[PDB]
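Form deposited in one PDB entry, single chain, as structure tokens, below.
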């Protein structure tokens, strides 16, 4: 029997007994001690619709539930995980590394009493559950680790015997200022710590040995988390000589199906595995037409492969030819060699000479276009990365010719048969640097704090290089030579909302520029400090950075100037930098979900959407918007139905102030010419590239075309990650009572009741957080 309503009503503070009503919660449990608490948090989540303070309630339950059924003290949890004898095989299967177990035990007091277990309450219910499902180490399908333990372990995984640097990293991470990529969270501090995310693999040689070494290498990388970009330009097309000849070659497709099959094989079950390769190919390759279609559902199933992602490595020349209405030539790399191995002008000269001497097959440039746009429309792929932009604007340009990007399209690093480029990723939580004035009515953005934290994260990523467990020797060889690194961001969208800036506003335009300028400056500064401690990276001498050319110099752009570039440039030219690259904003698909923020630099895709199961299927509304509507009095069952029929859009309510409407525009409602502008803006502070998705409502070849041509002309590197499309008719949905949903436009809003800080911009010379004291 029950009076658990007591256990539940205990956990509300900053509540409101009319908003919440712990009584109502118990009733909705219409059906051991732990089973009830799960449902208590489940149902209590369901009512996020009822009131936004139910989210907070459901988090508390799940969290202090986790506490009850879990060992409080860090060192003991570390013991258990280290001592784990495999339940069914009798033999020692430890989950902490020997090294980190020793550090923990040697420093148990200092460590144990640094943890603040309250900080477990910093998680969205859904964020918590994401951790719980895949990240918190489990003993016998029982969660062993609290969130705080996962963080300490990760901190020790990165810093080793540097307890000071670990305590710091523990603090910043537990306060959600930043986070490391999924592989780091999984594997830091474990027997073979593979913590890197991306690997760019070169197809070793156009031969069975070549192909099968690459395959083995890919299998090894993929099985230890971490995803692949694989360029395959050098492999002969359909119908090409083979010694032992009668056989003409079967081309790429058969090969691709071998890779596809391995991708599926290695993904064995209980996921941790980005079982996902992207393949990179230049559009002159004679098998391009088939390659491009790899992901389509209809058509011939022999010629298809769905665990793989096609990605275009595009020369300017191709865009030039489709832009006039020119010809385009397809070649087998055996007949037209070295094309993948030069760029810009050197490429146009070589390519063109091959054209003139009648090699390869002439076709209409716009015919390939067309096929490309067609695949993108149905499949979201192939990706577009501009090969000349990458190679002209890379700090690594002295290593040779960069032939690919990675699985998402953010990292751009040299790679060759014997050098597999690797990269470590973390993202900064942008909302974390908002500061509110005392009085609650003016807000500010702390670029100094941000600069600081980015230096911390630069130092972490740099240490992972040394502590990482490389799955293949080509990876280690490369990473020790060039020491690249990838910082990215998350929660851009939440911070525009929090600051009441419309995504496409002038204020947001400028904040975007400022955030990115400061992170680039921070990481370069930290990296110069590390060169002064451990020497430059092996390959620094002769790089563009060594001649004092920073990224924005390659784009012929004067920096915004919030930070002193003249000093840094001089320092770098004299001391060097530890890392060859530092910036590559990634999709933060899983990490942003954990931290409870929007994807990355993307606008919110929808103000209403579903979250995963557990006794039903969950409808949920944008938290900032929800509180705004509740504060405007407007929030109805009815407002909720209206929202469900407009699929989260707010743009139809005459009801609601324009400001609100501008603030809550959706990626579908925002000009793509704006998204690309902002991308082009931050790009000048990006070493590498960023994972730019594009979104279209009623897609037409035409807006799709001008989208590509626009990015390309602004000199972007990643023209397009995925293409995300939405029929105009999807934009509207059924609801169970359409006329209740209509009455919602008749609700009358306050305004004298909705207040929200107002943002004080900073400039290249005026801070702002400097001049406005913050709260506590």
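Only residues modelled in both forms are compared. Numbering follows the first chain given and starts at 1. Only the largest set of C-alpha atoms that superpose within 1.5 Å between the two forms is called the rigid core.
FYI, the form deposited in another entry isn't displayed, but the following is about it.
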query	finding
2 Å-or-more CA mover between this form and the one not shown, where superposition uses the core and the choices are 417, 160, 94, 274	274
Rigid core fit then residue 437 CA moved by 2 Å or more between this form and the one not shown	yes
Closer or farther: C-alpha pair residue 218/residue 270 in that other deposited form, relative to this form, given a change of 3 Å or more	closer
Direction of the Cα shift between residue 269 and residue 219 in that other deposited form, where the change is 3 Å or more	closer
Shared-residue segments moving between this form and the one not shown, Cα shift 2 Å or more over 3+ consecutive positions, core-fitted	267-274, 437-440
